[PDB]
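Enquirer: After the structure tokens below, expect a handful of questions from me.
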Amino acid sequence: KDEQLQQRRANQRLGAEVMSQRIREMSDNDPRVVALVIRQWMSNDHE
Amino acid sequence: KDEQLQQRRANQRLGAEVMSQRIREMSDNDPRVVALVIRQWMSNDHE
Amino acid sequence: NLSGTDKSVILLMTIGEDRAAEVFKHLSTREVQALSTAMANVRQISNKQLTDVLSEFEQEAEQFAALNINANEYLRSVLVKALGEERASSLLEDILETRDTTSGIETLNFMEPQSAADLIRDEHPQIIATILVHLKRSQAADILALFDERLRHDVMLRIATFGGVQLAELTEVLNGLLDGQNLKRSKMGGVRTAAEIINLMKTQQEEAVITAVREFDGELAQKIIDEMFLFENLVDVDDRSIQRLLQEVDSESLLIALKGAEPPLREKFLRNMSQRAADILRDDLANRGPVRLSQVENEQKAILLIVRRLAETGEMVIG
Amino acid sequence: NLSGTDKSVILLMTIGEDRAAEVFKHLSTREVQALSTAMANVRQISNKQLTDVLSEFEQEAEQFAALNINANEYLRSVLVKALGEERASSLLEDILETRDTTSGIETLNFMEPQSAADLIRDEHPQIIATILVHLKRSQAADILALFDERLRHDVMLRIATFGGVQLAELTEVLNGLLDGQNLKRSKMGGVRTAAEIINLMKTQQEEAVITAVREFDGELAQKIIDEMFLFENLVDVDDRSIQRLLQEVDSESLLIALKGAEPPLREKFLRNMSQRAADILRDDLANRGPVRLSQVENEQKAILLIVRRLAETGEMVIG
Amino acid sequence: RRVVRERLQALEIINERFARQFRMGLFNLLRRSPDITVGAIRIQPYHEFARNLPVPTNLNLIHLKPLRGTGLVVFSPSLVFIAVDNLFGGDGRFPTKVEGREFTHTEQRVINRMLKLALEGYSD
Numbered sequence: 514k515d516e517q518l519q520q521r522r523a524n525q526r527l528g529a530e531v532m533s534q535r536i537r538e539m540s541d542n543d544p545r546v547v548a549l550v551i552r553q554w555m556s557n558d559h560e
Numbered sequence: 514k515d516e517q518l519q520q521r522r523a524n525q526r527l528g529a530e531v532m533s534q535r536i537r538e539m540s541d542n543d544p545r546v547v548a549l550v551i552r553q554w555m556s557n558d559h560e
Numbered sequence: 003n004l005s006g007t008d009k010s011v012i013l014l015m016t017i018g019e020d021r022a023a024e025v026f027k028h029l030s031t032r033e034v035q036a037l038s039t040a041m042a043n044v045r046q047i048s049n050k051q052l053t054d055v056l057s058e059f060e061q062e063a064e065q066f067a068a069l070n071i072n073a074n075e076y077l078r079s080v081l082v083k084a085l086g087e088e089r090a091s092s093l094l095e096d097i098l099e100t101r102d103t104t105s106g107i108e109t110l111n112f113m114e115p116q117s118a119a120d121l122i123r124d125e126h127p128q129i130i131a132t133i134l135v136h137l138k139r140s141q142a143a144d145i146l147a148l149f150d151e152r153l154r155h156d157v158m159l160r161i162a163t164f165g166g167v168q172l173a174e175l176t177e178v179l180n181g182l183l184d185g186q187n188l189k190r191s192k193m194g195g196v197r198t199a200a201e202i203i204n205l206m207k208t209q210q211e212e213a214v215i216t217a218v219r220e221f222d223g224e225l226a227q228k229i230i231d232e233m234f235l236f237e238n239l240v241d242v243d244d245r246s247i248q249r250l251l252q253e254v255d256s257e258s259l260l261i262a263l264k265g266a267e268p269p270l271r272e273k274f275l276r277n278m279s280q281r282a283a284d285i286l287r288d289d290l291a292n293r294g295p296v297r298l299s300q301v302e303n304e305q306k307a308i309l310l311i312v313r314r315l316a317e318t319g320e321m322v323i324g
Numbered sequence: 003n004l005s006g007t008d009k010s011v012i013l014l015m016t017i018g019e020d021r022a023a024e025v026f027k028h029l030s031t032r033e034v035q036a037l038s039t040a041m042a043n044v045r046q047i048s049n050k051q052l053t054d055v056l057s058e059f060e061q062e063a064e065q066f067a068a069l070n071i072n073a074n075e076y077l078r079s080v081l082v083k084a085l086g087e088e089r090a091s092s093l094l095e096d097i098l099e100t101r102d103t104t105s106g107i108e109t110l111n112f113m114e115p116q117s118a119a120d121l122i123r124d125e126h127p128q129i130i131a132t133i134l135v136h137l138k139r140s141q142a143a144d145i146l147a148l149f150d151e152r153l154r155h156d157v158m159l160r161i162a163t164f165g166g167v168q172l173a174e175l176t177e178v179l180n181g182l183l184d185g186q187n188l189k190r191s192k193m194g195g196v197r198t199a200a201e202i203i204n205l206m207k208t209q210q211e212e213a214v215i216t217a218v219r220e221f222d223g224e225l226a227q228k229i230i231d232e233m234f235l236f237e238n239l240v241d242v243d244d245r246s247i248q249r250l251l252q253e254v255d256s257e258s259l260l261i262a263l264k265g266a267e268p269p270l271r272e273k274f275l276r277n278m279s280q281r282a283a284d285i286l287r288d289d290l291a292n293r294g295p296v297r298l299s300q301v302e303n304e305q306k307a308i309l310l311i312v313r314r315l316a317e318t319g320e321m322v323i324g
Numbered sequence: 044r045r046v047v048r049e050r051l052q053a054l055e056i057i058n059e060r061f062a063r064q065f066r067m068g069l070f071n072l073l074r075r076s077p078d079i080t081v082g083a084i085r086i087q088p089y090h091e092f093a094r095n096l097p098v099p100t101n102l103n104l105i106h107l108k109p110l111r112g113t114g115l116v117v118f119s120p121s122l123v124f125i126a127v128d129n130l131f132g133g134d135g136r137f138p139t140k141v142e143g144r145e146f147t148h149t150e151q152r153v154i155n156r157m158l159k160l161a162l163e164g165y166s167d
């Protein structure tokens, strides 16, 4: 049980970090998709 | 789901950039088809 | 939906930096600034939007097919070898100025007549007469109407005297007056924005302001009050518009507003209604007791906001 | 549930340090400080939360697709080769200031009218008039209402005199007033927080404080008492709100509070109730004997806390 | 006991040409041609000048290297009011008078533009 949950957390972290690298590469290759989503972020923050 | 959407976005970007290169080459080889469409653009902008 | 400007903006990013700079040179600096601001803020194209703008540009390119070059020099070079460069420069400049002076004529026709008149009020009466002749007869009259009697009479007198029909200098005259608009800005100078703020201010505060400006200038105060005029009397707003208000505003709010209104105001707001509606309104006004004036003023302000919205829609005129 | 700020905060950690610094440069220093505090305290993302914030960011990226760069320099460089760098700097700065001055106009419209008026009270009457003209007519009136009669009258008089419609200096004027807000802080200066503390204090203690401040300044004491005013008389709070209290507070607590209340207070708190309820309350008040004033004061304080909560909800106004 | 006498020639012409330069500078700054009337050069003790100075008014220190000491310039509240309202395009037919009240931040900034323009004019 606990060991299975720990392994699930580990593989979830691995998937999260590789997919975060996907964010990193797409943001590096296209800044426009970054500024507008930042604007959406601040819209959500103030809303 | 999300991975399929990401791959769709990637291939759409590739198609968009090659077809934009098609615009680039046709505009380079014929400026007349550019000025009139710019006039149409400003017509749409002010209309 | 994507606006026509945004599609054009996305196309301007897509066509490349050198082509964008060339288009900036070929177009107006205000357009250049608008495109720069647009590409700085948020990109205008999404994957569906980019598809749409690119597809509609393609359909524009399919339709704009002619196998030709802009030749802002290549066409002249082919002409120059056959006839010589000189057999063109002057004539081409004259043709462009004729296009330019007609463009200015149309622009002056479109832009506001009194603004044109005051821009040309300082100018020569011969200038006024020739520009009036060149303009549309509706536009020429509109500039003429906004003049004083003496200047206007001199303008019509000089209309006949204008027999020189001069030609390069006229275009340069249009160029000179054109360069003064971008510095003029304005568009708020008229005693209307201050009038709206006076309406917005607290009742006693704008009453004191009205007294102060009456002390400052009775004529200016009277002009601003004429700008104030909104359903304070029957003749200015007309019985049809009085009917329009009552059929567009809540009856309870109208009655509460009429509580503090003048008896001529009640009479003008009751004549339009039928006998039954007028009797109901009069009975409600008689039965309802005194109410704190704050709510009455707030409802009156809301009603006048509705009136201003109707005037902006332009169904009928007020004044 | 994860708040929109926390999702944005987690995304700010995830996007990398250099990108976070660039976003800090592109955004406000208050946002930079908020993000720094958030990443210092507790991380905002759990494994489900990180999945949610990353997924929603992905859906934002799918929708925000345009194949474009921010180009806070690259776009200018493409424009500069085609037309020249100068054919832009001035126009781009003017456009940005127009966006900046409109941003300041909207900010002033949103922020409190009297605060804007006192921030501009020291400033030039021409400044007041032009800012009033530029502002919304509701906002312009709100700043105008909070002025003295003489300054207000001068402002409306100068509204007409404002014909220069000046343009870079106006933006710099907005910049100058903008830089004074971050130092102003305040937001408690008004004699309201002290009023709440006076209410919180022990009955005899705030009575002595009221006497002392009456000695210090009768006008200030009267203003603070007007701030005190909470269901001490019928006209200030209105019969509808009196009805609202009785249907929202326990009858026993209301009666115990009415034990030490004035007979006008009992009359105003009995008129709203029906005949049966009023008779029951009067009989209970007559039958119940004397009680130590500590419990009566505590229940009155609880009732007034309920009244303050109702006022905060904003169903009806009090005063 | 403090006595000084002298007669001056050159600084009169210097003031006249600086006044013309300042007039054209203000003309281009405020899109309206001003007129400057240079008064007769005044020689007086510092206390007399201070007494004659209309309080309130803004005084500014401008050093003159390599000569030891700092120069002084002053501007009237009427002048700053008129200049700032002309900057706003105000007619000025409803003027206000402020006494004892220190200049606001914006007013001090406008004073800063007059100061820099005058400094450049006198420098040239």
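Residue numbers (the authors' numbering), protein chains in the order written: chain FA, 514 to 560; chain LA, 514 to 560; chain MA, 3 to 168, 172 to 324; chain GA, 3 to 168, 172 to 324; chain HA, 44 to 167. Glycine included, each C-beta is placed from N, C-alpha and C at the ideal position.
Give the single residue among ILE105(HA), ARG45(HA), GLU150(HA) and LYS108(HA) whose Cα lies nearest to the Cα of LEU122(HA).
Expert: When each option's Cα is compared against that of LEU122(HA), the closest is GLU150(HA).
Enquirer: Just tell me which of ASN72(MA), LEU13(MA), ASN70(MA) and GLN65(MA) has its CA closest to the CA of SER48(MA).
Expert: Of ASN72(MA), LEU13(MA), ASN70(MA) and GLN65(MA), the residue nearest in Cα terms is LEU13(MA).
Enquirer: Can you tell which of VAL322(MA), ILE122(MA), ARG276(MA) and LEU69(MA) has the C-alpha that lies nearest to the C-alpha of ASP543(LA)?
Expert: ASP543(LA) has its Cα closest to that of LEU69(MA), out of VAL322(MA), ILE122(MA), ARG276(MA) and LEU69(MA).
Enquirer: Going by CA-CA distance only, name the one from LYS207(MA), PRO269(MA) and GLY194(MA) that's closest to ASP144(GA).
Expert: With distances taken between Cα atoms, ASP144(GA) lies closest to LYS207(MA).
Enquirer: Taking the straight line between their C-alpha atoms, what separation do you get for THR100(HA) and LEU121(MA)?
Expert: If I take the Cα positions, the gap works out to 40 Å.
Enquirer: The beta strand (DSSP E) with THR113(HA) in it runs from where to where?
Expert: Counting along the chain, the beta strand (DSSP E) containing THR113(HA) begins and ends at 113 to 118.
Enquirer: Is it the case that the stretch 305 to 322 of chain GA contacts the stretch 220 to 232 of chain GA, given that we only count it when at least three CB pairs across the two stretches are under 8 Å?
Expert: Touching, no.
Enquirer: Using beta carbons (cut-off 9 Å, strictly below), is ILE97(MA) in contact with chain LA?
Expert: With 9 Å as the cut-off, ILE97(MA) does not count as an interface residue toward chain LA.
Enquirer: In whole angstroms, what is the alpha-carbon distance linking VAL11(GA) and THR104(GA)?
Expert: Each residue's alpha carbon lies about 29 Å from the other.
Enquirer: Pick out whichever of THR132(MA), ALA282(MA), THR176(MA) and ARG123(MA) has its Cα sitting closest to the Cα of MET158(MA).
Expert: That would be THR132(MA), whose Cα lies nearest to the Cα of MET158(MA).
Enquirer: Report back the beta-carbon spacing between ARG21(MA) and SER556(LA) to the nearest angstrom; my notes put them in contact at under 8 Å.
Expert: In fact, because the Cβ distance is near 19 Å, the residues do not count as touching under 8 Å.
Enquirer: So, is the C-beta of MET41(GA) closer than 9 Å to a C-beta in chain MA?
Expert: Closer than 9 Å: no.
Enquirer: So, is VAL47(HA) buried or exposed, given that buried needs 16 or more other C-beta atoms within 10 angstroms?
Expert: With fewer than 16 Cβ atoms within 10 Å of its Cβ, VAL47(HA) is classed as exposed.
Enquirer: DSSP three-state call for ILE105(HA): helix, strand or coil?
Expert: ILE105(HA): strand per DSSP, three-state reduction.
Enquirer: Can you grab the Cα-Cα spacing for the pair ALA36(MA) / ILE97(GA), in whole Å?
Expert: Their Cα atoms are separated by approximately 8 Å.
Enquirer: Find the nearest neighbour of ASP289(GA) within the set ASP8(GA), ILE247(GA) and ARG271(GA), judged by alpha-carbon distance.
Expert: Nearest option by C-alpha distance: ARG271(GA).
Enquirer: Could you name the residues of the same chain whose beta carbon sits closer than 6 Å to that of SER76(HA), not counting the 5 residues immediately before and after it, in chain order?
Expert: So the qualifying residues of the chain are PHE70.
Enquirer: Which residue's Cα is closest to the Cα of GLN186(MA): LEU153(MA), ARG160(MA), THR216(MA) and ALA119(MA)?
Expert: The shortest Cα separation from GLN186(MA) among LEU153(MA), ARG160(MA), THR216(MA) and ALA119(MA) belongs to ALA119(MA).
Enquirer: Rounded to whole angstroms, what's the CA-CA distance from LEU235(GA) to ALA217(GA)? Just pull it up for me.
Expert: Using only the alpha carbons, I get a separation of about 21 Å.
Enquirer: Looking only at its chain, what residues have a beta carbon closer than 6 Å to the beta carbon of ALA213(GA), apart from the 5 residues adjacent to it on each side?
Expert: No residues qualify anywhere along the chain.
Enquirer: Whose Cβ in chain GA lies nearer than 7 Å to the Cβ of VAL301(MA)?
Expert: By Cβ distance, chain GA contributes nothing, its closest Cβ being about 16 Å from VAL301(MA), past 7 Å.
Enquirer: Using 8 Å as the cut-off, can you tell me whether the stretch 267 to 287 of chain MA makes contact with the stretch 238 to 258 of chain MA, which would need three or more C-beta pairs spanning the two stretches below that distance?
Expert: Yes, since at least three Cβ pairs between the stretch 267 to 287 of chain MA and the stretch 238 to 258 of chain MA fall closer than 8 Å, the two stretches touch.
Enquirer: For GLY319(MA), return the contacting residues in chain GA, with the cut-off set at a CB-CB distance below 8 Å.
Expert: Going along chain GA, no residue has its Cβ under 8 Å from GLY319(MA), so there is no contact; the nearest lies around 19 Å.
Enquirer: Specify the secondary structure class of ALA83(HA) as computed by DSSP and reduced to three states.
Expert: Here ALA83(HA) sits in coil by DSSP.
Enquirer: Could you check where the alpha helix (DSSP H) with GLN305(MA) kicks off and where it finishes?
Expert: That run of the alpha helix (DSSP H) goes 298 to 318.
Enquirer: Which term fits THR163(MA), buried or exposed, when burial requires 16 or more other beta carbons within 10 angstroms of its beta carbon?
Expert: Its Cβ having fewer than 16 others within 10 Å, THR163(MA) is exposed.
Enquirer: Using a cut-off of 9 Å between C-beta atoms, extract the partners of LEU518(LA) located in chain GA.
Expert: Here the neighbours are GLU60, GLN61 and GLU64.
Enquirer: Name the two residues that bound the continuous alpha helix (DSSP H) containing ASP541(LA).
Expert: Residues 515 to 542.
Enquirer: Work out the CA separation of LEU56(GA) and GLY18(GA) for me, nearest whole Å.
Expert: Their backbone Cα atoms lie some 14 Å apart in a straight line.
Enquirer: What does the alpha-carbon distance come out to for the pair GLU59(HA) and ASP78(HA)?
Expert: Spanning the two alpha carbons is a distance of roughly 12 Å.
Enquirer: Using a Cβ-Cβ cut-off of 9 Å, state whether residue 561(FA) counts as contacting chain MA.
Expert: As shown, chain FA starts at 514 and ends at 560. That puts residue 561(FA) outside it, with no answer to give.
Enquirer: In the structure shown, what three-state DSSP assignment does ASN187(GA) receive?
Expert: If DSSP states are grouped into helix, strand and coil, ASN187(GA) belongs with the helices.
Enquirer: Are the stretch 104 to 116 of chain HA and the stretch 133 to 151 of chain HA touching, with three or more C-beta to C-beta distances below 8 Å?
Expert: Verdict: no, contact absent.
Enquirer: If you compare alpha carbons, which of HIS126(GA), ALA173(GA) and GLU177(GA) is closest to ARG160(GA)?
Expert: When only C-alpha atoms are compared, the closest one is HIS126(GA).
Enquirer: Does the separation of the CB atoms of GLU64(GA) and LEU518(LA) fall below 9 Å?
Expert: Yes, these two residues count as a Cβ contact at 9 Å.
Enquirer: How about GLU87(MA) and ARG101(MA): are their beta carbons less than 9 Å apart?
Expert: Contact flag unset, no.
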